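Colleague: One file is attached below, target-v1.pdb, containing PDB, C-alpha atoms (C1' of nucleotides) and all ligand atoms.
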ATOM      1  CA  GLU V  10     -58.410 -39.999   6.765  1.00  0.00           C
ATOM      2  CA  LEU V  11     -58.206 -37.091   4.315  1.00  0.00           C
ATOM      3  CA  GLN V  12     -59.992 -33.765   4.660  1.00  0.00           C
ATOM      4  CA  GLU V  13     -62.774 -32.944   2.197  1.00  0.00           C
ATOM      5  CA  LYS V  14     -64.551 -29.642   1.588  1.00  0.00           C
ATOM      6  CA  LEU V  15     -67.523 -28.504  -0.480  1.00  0.00           C
ATOM      7  CA  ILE V  16     -66.913 -25.216  -2.288  1.00  0.00           C
ATOM      8  CA  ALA V  17     -69.876 -24.281  -4.479  1.00  0.00           C
ATOM      9  CA  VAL V  18     -73.353 -25.532  -5.367  1.00  0.00           C
ATOM     10  CA  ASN V  19     -75.271 -24.216  -8.379  1.00  0.00           C
ATOM     11  CA  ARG V  20     -78.720 -24.969  -9.794  1.00  0.00           C
ATOM     12  CA  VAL V  21     -78.570 -25.522 -13.548  1.00  0.00           C
ATOM     13  CA  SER V  22     -81.494 -25.841 -15.938  1.00  0.00           C
ATOM     14  CA  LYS V  23     -82.322 -27.325 -19.331  1.00  0.00           C
ATOM     15  CA  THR V  24     -85.406 -26.807 -21.485  1.00  0.00           C
ATOM     16  CA  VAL V  25     -87.558 -29.632 -22.858  1.00  0.00           C
ATOM     17  CA  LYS V  26     -90.879 -29.502 -24.695  1.00  0.00           C
ATOM     18  CA  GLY V  27     -92.677 -30.383 -21.468  1.00  0.00           C
ATOM     19  CA  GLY V  28     -90.877 -27.695 -19.491  1.00  0.00           C
ATOM     20  CA  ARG V  29     -87.712 -26.800 -17.613  1.00  0.00           C
ATOM     21  CA  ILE V  30     -85.628 -29.570 -16.026  1.00  0.00           C
ATOM     22  CA  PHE V  31     -83.439 -28.594 -13.080  1.00  0.00           C
ATOM     23  CA  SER V  32     -80.320 -30.060 -11.487  1.00  0.00           C
ATOM     24  CA  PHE V  33     -77.712 -29.227  -8.855  1.00  0.00           C
ATOM     25  CA  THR V  34     -73.953 -29.180  -9.476  1.00  0.00           C
ATOM     26  CA  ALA V  35     -71.465 -29.361  -6.602  1.00  0.00           C
ATOM     27  CA  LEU V  36     -67.739 -28.582  -6.661  1.00  0.00           C
ATOM     28  CA  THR V  37     -65.611 -30.182  -3.940  1.00  0.00           C
ATOM     29  CA  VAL V  38     -61.917 -30.523  -3.127  1.00  0.00           C
ATOM     30  CA  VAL V  39     -60.238 -33.243  -1.061  1.00  0.00           C
ATOM     31  CA  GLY V  40     -56.734 -33.813   0.214  1.00  0.00           C
ATOM     32  CA  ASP V  41     -54.687 -35.485   2.911  1.00  0.00           C
ATOM     33  CA  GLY V  42     -52.994 -32.288   4.086  1.00  0.00           C
ATOM     34  CA  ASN V  43     -49.549 -33.635   3.178  1.00  0.00           C
ATOM     35  CA  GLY V  44     -49.152 -32.339  -0.370  1.00  0.00           C
ATOM     36  CA  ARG V  45     -51.909 -34.313  -2.123  1.00  0.00           C
ATOM     37  CA  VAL V  46     -55.014 -32.535  -3.413  1.00  0.00           C
ATOM     38  CA  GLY V  47     -57.715 -33.345  -5.940  1.00  0.00           C
ATOM     39  CA  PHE V  48     -60.850 -31.601  -7.147  1.00  0.00           C
ATOM     40  CA  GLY V  49     -64.147 -33.168  -8.152  1.00  0.00           C
ATOM     41  CA  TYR V  50     -67.197 -31.829  -9.979  1.00  0.00           C
ATOM     42  CA  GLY V  51     -70.342 -33.833  -9.283  1.00  0.00           C
ATOM     43  CA  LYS V  52     -73.550 -33.434 -11.256  1.00  0.00           C
ATOM     44  CA  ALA V  53     -76.892 -34.869 -10.139  1.00  0.00           C
ATOM     45  CA  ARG V  54     -80.474 -33.737  -9.571  1.00  0.00           C
ATOM     46  CA  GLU V  55     -80.533 -33.939  -5.761  1.00  0.00           C
ATOM     47  CA  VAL V  56     -78.066 -31.893  -3.716  1.00  0.00           C
ATOM     48  CA  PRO V  57     -76.931 -34.767  -1.429  1.00  0.00           C
ATOM     49  CA  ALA V  58     -76.521 -36.950  -4.519  1.00  0.00           C
ATOM     50  CA  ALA V  59     -74.410 -34.327  -6.301  1.00  0.00           C
ATOM     51  CA  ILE V  60     -71.996 -33.705  -3.420  1.00  0.00           C
ATOM     52  CA  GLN V  61     -71.327 -37.443  -3.108  1.00  0.00           C
ATOM     53  CA  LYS V  62     -70.544 -37.619  -6.830  1.00  0.00           C
ATOM     54  CA  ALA V  63     -68.107 -34.713  -6.486  1.00  0.00           C
ATOM     55  CA  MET V  64     -66.312 -36.397  -3.579  1.00  0.00           C
ATOM     56  CA  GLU V  65     -65.949 -39.632  -5.558  1.00  0.00           C
ATOM     57  CA  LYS V  66     -64.415 -37.756  -8.496  1.00  0.00           C
ATOM     58  CA  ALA V  67     -62.216 -35.728  -6.138  1.00  0.00           C
ATOM     59  CA  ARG V  68     -61.111 -38.812  -4.190  1.00  0.00           C
ATOM     60  CA  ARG V  69     -59.344 -40.102  -7.298  1.00  0.00           C
ATOM     61  CA  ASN V  70     -57.510 -37.967  -9.884  1.00  0.00           C
ATOM     62  CA  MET V  71     -55.292 -36.516  -7.162  1.00  0.00           C
ATOM     63  CA  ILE V  72     -51.984 -34.727  -7.726  1.00  0.00           C
ATOM     64  CA  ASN V  73     -48.804 -34.594  -5.650  1.00  0.00           C
ATOM     65  CA  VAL V  74     -47.475 -31.166  -4.649  1.00  0.00           C
ATOM     66  CA  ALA V  75     -44.176 -30.523  -2.887  1.00  0.00           C
ATOM     67  CA  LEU V  76     -44.631 -28.452   0.278  1.00  0.00           C
ATOM     68  CA  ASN V  77     -41.937 -26.659   2.286  1.00  0.00           C
ATOM     69  CA  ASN V  78     -43.260 -27.161   5.823  1.00  0.00           C
ATOM     70  CA  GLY V  79     -46.662 -25.752   4.901  1.00  0.00           C
ATOM     71  CA  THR V  80     -45.705 -23.172   2.260  1.00  0.00           C
ATOM     72  CA  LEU V  81     -44.771 -23.052  -1.407  1.00  0.00           C
ATOM     73  CA  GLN V  82     -41.233 -23.568  -2.668  1.00  0.00           C
ATOM     74  CA  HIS V  83     -41.348 -20.507  -4.937  1.00  0.00           C
ATOM     75  CA  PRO V  84     -43.981 -17.978  -6.035  1.00  0.00           C
ATOM     76  CA  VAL V  85     -46.044 -19.352  -8.911  1.00  0.00           C
ATOM     77  CA  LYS V  86     -48.688 -18.157 -11.370  1.00  0.00           C
ATOM     78  CA  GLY V  87     -51.677 -20.399 -12.035  1.00  0.00           C
ATOM     79  CA  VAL V  88     -53.592 -19.707 -15.241  1.00  0.00           C
ATOM     80  CA  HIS V  89     -56.736 -21.358 -16.587  1.00  0.00           C
ATOM     81  CA  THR V  90     -59.368 -20.323 -19.157  1.00  0.00           C
ATOM     82  CA  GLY V  91     -60.472 -17.087 -17.518  1.00  0.00           C
ATOM     83  CA  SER V  92     -58.852 -16.927 -14.088  1.00  0.00           C
ATOM     84  CA  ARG V  93     -55.344 -15.694 -13.297  1.00  0.00           C
ATOM     85  CA  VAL V  94     -54.052 -17.029  -9.975  1.00  0.00           C
ATOM     86  CA  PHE V  95     -50.934 -15.744  -8.220  1.00  0.00           C
ATOM     87  CA  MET V  96     -49.651 -17.596  -5.156  1.00  0.00           C
ATOM     88  CA  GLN V  97     -46.630 -16.760  -3.038  1.00  0.00           C
ATOM     89  CA  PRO V  98     -44.899 -18.378  -0.047  1.00  0.00           C
ATOM     90  CA  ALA V  99     -45.335 -16.571   3.261  1.00  0.00           C
ATOM     91  CA  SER V 100     -43.733 -16.590   6.690  1.00  0.00           C
ATOM     92  CA  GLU V 101     -44.850 -18.706   9.637  1.00  0.00           C
ATOM     93  CA  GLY V 102     -48.141 -17.550  11.141  1.00  0.00           C
ATOM     94  CA  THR V 103     -49.588 -15.627   8.190  1.00  0.00           C
ATOM     95  CA  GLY V 104     -52.347 -18.159   7.529  1.00  0.00           C
ATOM     96  CA  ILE V 105     -54.280 -18.826   4.346  1.00  0.00           C
ATOM     97  CA  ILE V 106     -54.990 -15.460   2.719  1.00  0.00           C
ATOM     98  CA  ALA V 107     -56.855 -16.226  -0.505  1.00  0.00           C
ATOM     99  CA  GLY V 108     -60.277 -16.144  -2.116  1.00  0.00           C
ATOM    100  CA  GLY V 109     -63.180 -18.366  -1.193  1.00  0.00           C
ATOM    101  CA  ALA V 110     -62.466 -20.971  -3.859  1.00  0.00           C
ATOM    102  CA  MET V 111     -58.684 -20.729  -3.499  1.00  0.00           C
ATOM    103  CA  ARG V 112     -58.758 -21.041   0.301  1.00  0.00           C
ATOM    104  CA  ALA V 113     -60.471 -24.443   0.233  1.00  0.00           C
ATOM    105  CA  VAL V 114     -57.927 -25.878  -2.217  1.00  0.00           C
ATOM    106  CA  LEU V 115     -54.954 -24.676  -0.181  1.00  0.00           C
ATOM    107  CA  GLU V 116     -56.402 -25.921   3.118  1.00  0.00           C
ATOM    108  CA  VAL V 117     -57.009 -29.508   1.993  1.00  0.00           C
ATOM    109  CA  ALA V 118     -53.654 -29.584   0.185  1.00  0.00           C
ATOM    110  CA  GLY V 119     -51.826 -28.862   3.442  1.00  0.00           C
ATOM    111  CA  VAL V 120     -50.792 -25.271   2.709  1.00  0.00           C
ATOM    112  CA  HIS V 121     -50.820 -23.344   5.990  1.00  0.00           C
ATOM    113  CA  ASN V 122     -49.043 -20.041   5.254  1.00  0.00           C
ATOM    114  CA  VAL V 123     -49.437 -18.500   1.802  1.00  0.00           C
ATOM    115  CA  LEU V 124     -50.215 -15.198   0.102  1.00  0.00           C
ATOM    116  CA  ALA V 125     -52.519 -15.583  -2.885  1.00  0.00           C
ATOM    117  CA  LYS V 126     -54.529 -13.426  -5.263  1.00  0.00           C
ATOM    118  CA  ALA V 127     -57.040 -14.038  -8.045  1.00  0.00           C
ATOM    119  CA  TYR V 128     -57.157 -11.894 -11.184  1.00  0.00           C
ATOM    120  CA  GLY V 129     -59.718 -11.896 -13.935  1.00  0.00           C
ATOM    121  CA  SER V 130     -62.781 -14.091 -13.681  1.00  0.00           C
ATOM    122  CA  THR V 131     -63.478 -15.625 -10.270  1.00  0.00           C
ATOM    123  CA  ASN V 132     -65.770 -18.464 -11.364  1.00  0.00           C
ATOM    124  CA  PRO V 133     -65.174 -21.130  -8.685  1.00  0.00           C
ATOM    125  CA  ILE V 134     -64.533 -24.080 -11.006  1.00  0.00           C
ATOM    126  CA  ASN V 135     -62.056 -22.075 -13.086  1.00  0.00           C
ATOM    127  CA  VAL V 136     -60.261 -20.739 -10.000  1.00  0.00           C
ATOM    128  CA  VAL V 137     -59.720 -24.179  -8.470  1.00  0.00           C
ATOM    129  CA  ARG V 138     -58.483 -25.572 -11.789  1.00  0.00           C
ATOM    130  CA  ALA V 139     -55.952 -22.740 -12.033  1.00  0.00           C
ATOM    131  CA  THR V 140     -54.870 -23.321  -8.430  1.00  0.00           C
ATOM    132  CA  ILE V 141     -54.433 -27.034  -9.155  1.00  0.00           C
ATOM    133  CA  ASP V 142     -52.503 -26.200 -12.330  1.00  0.00           C
ATOM    134  CA  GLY V 143     -50.386 -23.662 -10.450  1.00  0.00           C
ATOM    135  CA  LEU V 144     -49.362 -26.160  -7.765  1.00  0.00           C
ATOM    136  CA  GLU V 145     -48.676 -29.216  -9.934  1.00  0.00           C
ATOM    137  CA  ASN V 146     -45.954 -27.467 -11.962  1.00  0.00           C
ATOM    138  CA  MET V 147     -44.143 -26.145  -8.873  1.00  0.00           C
ATOM    139  CA  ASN V 148     -40.733 -27.794  -8.498  1.00  0.00           C
ATOM    140  CA  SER V 149     -38.893 -28.553  -5.264  1.00  0.00           C
ATOM    141  CA  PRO V 150     -35.181 -27.750  -4.824  1.00  0.00           C
ATOM    142  CA  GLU V 151     -34.432 -31.456  -5.275  1.00  0.00           C
ATOM    143  CA  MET V 152     -36.267 -31.453  -8.615  1.00  0.00           C
ATOM    144  CA  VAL V 153     -34.280 -28.534 -10.036  1.00  0.00           C
ATOM    145  CA  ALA V 154     -31.114 -30.163  -8.698  1.00  0.00           C
ATOM    146  CA  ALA V 155     -32.191 -33.211 -10.714  1.00  0.00           C
ATOM    147  CA  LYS V 156     -32.764 -31.400 -14.024  1.00  0.00           C
ATOM    148  CA  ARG V 157     -29.501 -29.487 -13.715  1.00  0.00           C
ATOM    149  CA  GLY V 158     -26.195 -31.196 -13.028  1.00  0.00           C
ATOM    150  CA  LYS V 159     -25.654 -29.546  -9.638  1.00  0.00           C
ATOM    151  CA  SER V 160     -26.375 -30.798  -6.131  1.00  0.00           C
ATOM    152  CA  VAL V 161     -28.681 -29.118  -3.617  1.00  0.00           C
ATOM    153  CA  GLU V 162     -25.756 -27.230  -2.073  1.00  0.00           C
ATOM    154  CA  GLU V 163     -24.817 -25.726  -5.439  1.00  0.00           C
ATOM    155  CA  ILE V 164     -28.437 -24.835  -6.236  1.00  0.00           C
ATOM    156  CA  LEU V 165     -29.135 -22.857  -3.049  1.00  0.00           C
ATOM    157  CA  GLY V 166     -26.199 -22.949  -0.631  1.00  0.00           C
ATOM    158  CA  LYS V 167     -23.788 -21.647  -3.272  1.00  0.00           C
TER     159      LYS V 167
ATOM    160  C1'   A H   1     -29.086  -8.129  17.433  1.00  0.00           C
ATOM    161  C1'   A H   2     -33.428  -5.632  15.565  1.00  0.00           C
ATOM    162  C1'   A H   3     -35.230  -1.087  12.230  1.00  0.00           C
ATOM    163  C1'   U H   4     -39.985  -5.515  10.704  1.00  0.00           C
ATOM    164  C1'   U H   5     -44.123 -10.076   8.421  1.00  0.00           C
ATOM    165  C1'   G H   6     -46.274  -8.824   2.386  1.00  0.00           C
ATOM    166  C1'   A H   7     -51.712  -9.133  -1.316  1.00  0.00           C
ATOM    167  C1'   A H   8     -59.225 -12.715   0.116  1.00  0.00           C
ATOM    168  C1'   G H   9     -63.817 -11.705  -2.355  1.00  0.00           C
ATOM    169  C1'   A H  10     -69.269 -11.470  -2.925  1.00  0.00           C
ATOM    170  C1'   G H  11     -74.144  -9.707  -5.489  1.00  0.00           C
ATOM    171  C1'   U H  12     -76.346  -8.429 -10.254  1.00  0.00           C
ATOM    172  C1'   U H  13     -77.476  -9.349 -17.661  1.00  0.00           C
ATOM    173  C1'   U H  14     -79.383 -15.830 -18.914  1.00  0.00           C
ATOM    174  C1'   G H  15     -84.364 -20.927 -19.255  1.00  0.00           C
ATOM    175  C1'   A H  16     -79.299 -22.330 -17.851  1.00  0.00           C
ATOM    176  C1'   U H  17     -73.439 -21.617 -19.084  1.00  0.00           C
ATOM    177  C1'   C H  18     -68.697 -19.300 -20.077  1.00  0.00           C
ATOM    178  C1'   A H  19     -66.445 -14.738 -21.032  1.00  0.00           C
ATOM    179  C1'   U H  20     -66.528  -9.534 -21.455  1.00  0.00           C
ATOM    180  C1'   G H  21     -68.177  -5.415 -18.785  1.00  0.00           C
ATOM    181  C1'   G H  22     -70.144  -1.666 -15.883  1.00  0.00           C
ATOM    182  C1'   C H  23     -73.008  -0.996 -11.223  1.00  0.00           C
ATOM    183  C1'   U H  24     -73.200  -2.150  -5.785  1.00  0.00           C
ATOM    184  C1'   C H  25     -71.452  -3.940  -1.056  1.00  0.00           C
ATOM    185  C1'   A H  26     -67.899  -6.130   2.943  1.00  0.00           C
ATOM    186  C1'   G H  27     -62.387  -2.295   4.794  1.00  0.00           C
ATOM    187  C1'   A H  28     -59.587   1.873   6.494  1.00  0.00           C
ATOM    188  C1'   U H  29     -60.171   7.082   7.289  1.00  0.00           C
ATOM    189  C1'   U H  30     -62.175  12.656   8.629  1.00  0.00           C
ATOM    190  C1'   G H  31     -60.958  19.746  11.317  1.00  0.00           C
ATOM    191  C1'   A H  32     -66.917  16.157  10.245  1.00  0.00           C
ATOM    192  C1'   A H  33     -72.655  17.221  10.148  1.00  0.00           C
ATOM    193  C1'   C H  34     -77.263  15.035  11.588  1.00  0.00           C
ATOM    194  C1'   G H  35     -80.610  11.296  14.318  1.00  0.00           C
ATOM    195  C1'   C H  36     -81.091   8.446  19.088  1.00  0.00           C
ATOM    196  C1'   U H  37     -78.723   7.935  23.664  1.00  0.00           C
ATOM    197  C1'   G H  38     -75.237   9.359  27.290  1.00  0.00           C
ATOM    198  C1'   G H  39     -71.214   7.928  33.685  1.00  0.00           C
ATOM    199  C1'   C H  40     -65.867   9.400  34.727  1.00  0.00           C
ATOM    200  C1'   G H  41     -60.750  10.573  33.508  1.00  0.00           C
ATOM    201  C1'   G H  42     -56.271  11.365  30.280  1.00  0.00           C
ATOM    202  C1'   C H  43     -54.776  13.317  25.668  1.00  0.00           C
ATOM    203  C1'   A H  44     -55.418  16.135  21.371  1.00  0.00           C
ATOM    204  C1'   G H  45     -58.679  18.763  18.142  1.00  0.00           C
ATOM    205  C1'   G H  46     -62.535  22.574  17.330  1.00  0.00           C
ATOM    206  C1'   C H  47     -65.583  28.969  11.197  1.00  0.00           C
ATOM    207  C1'   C H  48     -63.381  23.892   6.047  1.00  0.00           C
ATOM    208  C1'   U H  49     -68.746  28.771   4.258  1.00  0.00           C
ATOM    209  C1'   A H  50     -68.667  35.625   3.811  1.00  0.00           C
ATOM    210  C1'   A H  51     -59.966  37.679   2.609  1.00  0.00           C
ATOM    211  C1'   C H  52     -68.299  39.297   5.036  1.00  0.00           C
ATOM    212  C1'   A H  53     -69.235  43.704   8.178  1.00  0.00           C
ATOM    213  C1'   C H  54     -67.575  44.782  13.154  1.00  0.00           C
ATOM    214  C1'   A H  55     -70.075  47.374  19.143  1.00  0.00           C
ATOM    215  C1'   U H  56     -66.767  46.955  23.427  1.00  0.00           C
ATOM    216  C1'   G H  57     -62.081  45.388  26.353  1.00  0.00           C
ATOM    217  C1'   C H  58     -57.163  43.774  25.719  1.00  0.00           C
ATOM    218  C1'   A H  59     -52.845  42.095  22.134  1.00  0.00           C
ATOM    219  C1'   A H  60     -45.954  47.119  22.313  1.00  0.00           C
ATOM    220  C1'   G H  61     -43.762  48.882  25.267  1.00  0.00           C
ATOM    221  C1'   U H  62     -39.441  49.936  28.339  1.00  0.00           C
ATOM    222  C1'   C H  63     -35.118  53.180  29.648  1.00  0.00           C
ATOM    223  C1'   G H  64     -34.005  58.672  35.760  1.00  0.00           C
ATOM    224  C1'   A H  65     -27.409  54.224  35.139  1.00  0.00           C
ATOM    225  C1'   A H  66     -28.918  59.772  28.183  1.00  0.00           C
ATOM    226  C1'   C H  67     -31.260  64.816  29.685  1.00  0.00           C
ATOM    227  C1'   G H  68     -33.977  69.303  31.175  1.00  0.00           C
ATOM    228  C1'   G H  69     -37.241  68.468  34.724  1.00  0.00           C
ATOM    229  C1'   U H  70     -41.847  68.254  38.982  1.00  0.00           C
ATOM    230  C1'   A H  71     -47.145  66.848  38.184  1.00  0.00           C
ATOM    231  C1'   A H  72     -49.187  63.042  41.642  1.00  0.00           C
ATOM    232  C1'   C H  73     -47.320  61.295  46.743  1.00  0.00           C
ATOM    233  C1'   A H  74     -43.097  59.009  49.523  1.00  0.00           C
ATOM    234  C1'   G H  75     -40.130  61.106  52.748  1.00  0.00           C
ATOM    235  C1'   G H  76     -36.652  64.623  54.602  1.00  0.00           C
ATOM    236  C1'   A H  77     -36.042  70.272  55.163  1.00  0.00           C
ATOM    237  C1'   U H  78     -42.416  76.925  50.750  1.00  0.00           C
ATOM    238  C1'   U H  79     -37.850  73.749  49.113  1.00  0.00           C
ATOM    239  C1'   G H  80     -36.432  67.970  43.386  1.00  0.00           C
ATOM    240  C1'   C H  81     -32.558  67.761  48.885  1.00  0.00           C
TER     241        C H  81
HETATM  242 MG    MG L   1     -75.284 -17.959 -12.211  1.00  0.00          MG
HETATM  243 MG    MG L   2     -63.861  -9.319 -14.059  1.00  0.00          MG
HETATM  244 MG    MG L   3     -69.854 -12.755 -14.888  1.00  0.00          MG
HETATM  245 MG    MG L   4     -72.069 -18.363 -11.211  1.00  0.00          MG
HETATM  246 MG    MG L   5     -69.172  -8.540 -11.485  1.00  0.00          MG
HETATM  247 MG    MG L   6     -82.965  -8.952 -14.005  1.00  0.00          MG
HETATM  248 MG    MG L   7     -75.937  15.058  16.813  1.00  0.00          MG
HETATM  249 MG    MG L   8     -68.702   6.696  35.954  1.00  0.00          MG
HETATM  250 MG    MG L   9     -60.993  30.171   6.561  1.00  0.00          MG
HETATM  251 MG    MG L  10     -62.923  42.261   7.043  1.00  0.00          MG
HETATM  252 MG    MG L  11     -52.611  41.140  29.970  1.00  0.00          MG
HETATM  253 MG    MG L  12     -49.245  67.022  37.044  1.00  0.00          MG
END
What does this structure look like when you write it as structure tokens?
Ligand SMILES: [Mg+2]
Ligand SMILES: [Mg+2]
Ligand SMILES: [Mg+2]
Ligand SMILES: [Mg+2]
Ligand SMILES: [Mg+2]
Ligand SMILES: [Mg+2]
Ligand SMILES: [Mg+2]
Ligand SMILES: [Mg+2]
Ligand SMILES: [Mg+2]
Ligand SMILES: [Mg+2]
Ligand SMILES: [Mg+2]
Ligand SMILES: [Mg+2]
Modeller:
Amino acid sequence: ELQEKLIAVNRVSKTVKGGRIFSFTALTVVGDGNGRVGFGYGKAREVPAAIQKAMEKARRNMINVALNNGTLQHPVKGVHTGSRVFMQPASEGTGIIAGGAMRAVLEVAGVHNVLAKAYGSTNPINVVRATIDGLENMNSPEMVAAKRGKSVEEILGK
RNA sequence: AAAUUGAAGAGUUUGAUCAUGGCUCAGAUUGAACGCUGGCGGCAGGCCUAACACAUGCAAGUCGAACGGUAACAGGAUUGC
């Protein structure tokens, strides 16, 4: 029903008196392609087990993002701990031009044409969180017409 | 009416993580050089170094409608007619 993508897999380790204990962590993003996207971070010891955990976490905890026929309403700046994310609406036919982590988020969310850039740290989990944060706070022209006392015509047509 | 439509990251410090941070690569480009190989055509480019030294040929001559003229031949009658 909804598209799901695996972004990154990493092998983490912890130290016990017996020795080193290893595990695999998988970051995935899911979305219906119609303005809903969620990210999940699974953590297990076997790679197939971890990716399933990530999908389960990503399947819930979704967010709703307004899309203007496959592009953003206005340019936005997503910021998380270390990663600075700048996204910008683009014309028809430009495609998804973004980093490896950012491209997966925008594809499953339904964004087709967009210009994006990542500044600072490019750690995949931080980048996707910033992209999620940068899209959830984006407001549609109806929303700004709701906060202010003017109708859609006055907001843009005027 | 148009004169435009525009932005990607990855590797590497750790037992593992985040950040900082340098290093390195994926691109475009050249008056190119070298290695291997090599069919045709169009188009352009071709001493970036010693403003180092130069054999030899050529690259600035025209004007008898300025003038005295006749040295070569071209003619007419030794003769510039
Ligand atoms: Mg690592
Ligand atoms: Mg950095
Ligand atoms: Mg780092
Ligand atoms: Mg990492
Ligand atoms: Mg680095
Ligand atoms: Mg080392
Ligand atoms: Mg050669
Ligand atoms: Mg041929
Ligand atoms: Mg020279
Ligand atoms: Mg000289
Ligand atoms: Mg000549
Ligand atoms: Mg003579």
Colleague: Could you state which residues are captured by the PyMOL selection byres (((chain V and resi 111) around 9) and not hetatm) in this file, as a list in words?
Modeller: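 When the PyMOL selection byres (((chain V and resi 111) around 9) and not hetatm) is applied to the shown file, the picked residues are residues 94, 106, 107, 108, 109, 110, 112, 113, 114, 115, 116, 125, 126, 127, 133, 136, 137 and 140 of chain V; 8 of chain H.
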Colleague: When the cut-off is 12 Å and we count only C-alpha atoms (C1' of nucleotides), which residues of chain H are near chain V, given as JSON, numbers by chain?
Modeller: {"H": [5, 6, 7, 8, 9, 10, 14, 15, 16, 17, 18, 19, 20, 21]}
Colleague: Could you please determine the separation between atom CA of residue V:156 and atom CA of residue V:43 in Å, to one decimal place?
Modeller: 24.1 Å
Colleague: Which protein, DNA or RNA residues have an atom within 12 Å of ligand MG 8 (chain L), counting only C-alpha atoms (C1' of nucleotides) and all ligand atoms, as a ChimeraX atom specification?
Modeller: /H:38-41
Colleague: Convert the current residue selection to file output with C-alpha atoms (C1' of nucleotides), as a PDB file, in the coordinates of the input.
Modeller:
ATOM      1  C1'   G H  38     -75.237   9.359  27.290  1.00  0.00           C
ATOM      2  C1'   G H  39     -71.214   7.928  33.685  1.00  0.00           C
ATOM      3  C1'   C H  40     -65.867   9.400  34.727  1.00  0.00           C
ATOM      4  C1'   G H  41     -60.750  10.573  33.508  1.00  0.00           C
TER       5        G H  41
END
Colleague: Which residues are near residue V:56? Cut-off 12 Å, all atoms listed in the file, ignore same chain within fewer than 5 positions. Put them as a PyMOL selection string.
Modeller: chain V and resi 15+17-21+31-36+51+61-63
Colleague: Any idea what the distance is between atom CA of residue V:153 and atom CA of residue V:128?
Modeller: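 Atom-to-atom, atom CA of residue V:153 and atom CA of residue V:128 are spaced 28.3 Å apart.
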Colleague: Applying the PyMOL selection byres (((chain V and resi 75) around 8) and not hetatm) to the file I just gave you, which residues come out? Please list them as number ranges by chain.
Modeller: V: 44, 73-74, 76-77, 81-82, 147-149
Colleague: Name every residue that the PyMOL selection byres (((chain H and resi 68-71) around 8) and not hetatm) selects in this structure, writing the answer as number ranges by chain with chains first and numbers rising.
Modeller: H: 67, 72, 80
Colleague: Show me the residues close to (-75.0, -1.2, -6.1) - anything with an atom within 12 Å, counting all atoms listed in the file - and format the list as a PDB file with C-alpha atoms (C1' of nucleotides), in the frame of the given file.
Modeller:
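Writing the result to result-v2.pdb gives the following:
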ATOM      1  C1'   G H  11     -74.144  -9.707  -5.489  1.00  0.00           C
ATOM      2  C1'   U H  12     -76.346  -8.429 -10.254  1.00  0.00           C
ATOM      3  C1'   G H  22     -70.144  -1.666 -15.883  1.00  0.00           C
ATOM      4  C1'   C H  23     -73.008  -0.996 -11.223  1.00  0.00           C
ATOM      5  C1'   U H  24     -73.200  -2.150  -5.785  1.00  0.00           C
ATOM      6  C1'   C H  25     -71.452  -3.940  -1.056  1.00  0.00           C
TER       7        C H  25
END
Colleague: Return as an NGL selection string every polymer residue, whether protein, DNA or RNA, with at least one atom no more than 12 Å from an atom of ligand MG 7 (chain L); count all atoms listed in the file.
Modeller: :H and (32-38)
Colleague: Please compute the atom CA of residue V:67-atom CA of residue V:46 distance, one decimal, in Å.
Modeller: 8.3 Å
Colleague: At a cut-off of 12 Å, using only C-alpha atoms (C1' of nucleotides), what residues contact residue V:164? Leave out same-chain residues fewer than 3 positions from it and give the result as an MDAnalysis selection string.
Modeller: chainID V and resid 149:161 167
Colleague: Which residue gives the smallest distance to residue V:119 among V:45, V:68, V:52, V:83, with all atoms listed in the file counted?
Modeller: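 With all atoms listed in the file as the atom set, the closest residue is V:45.
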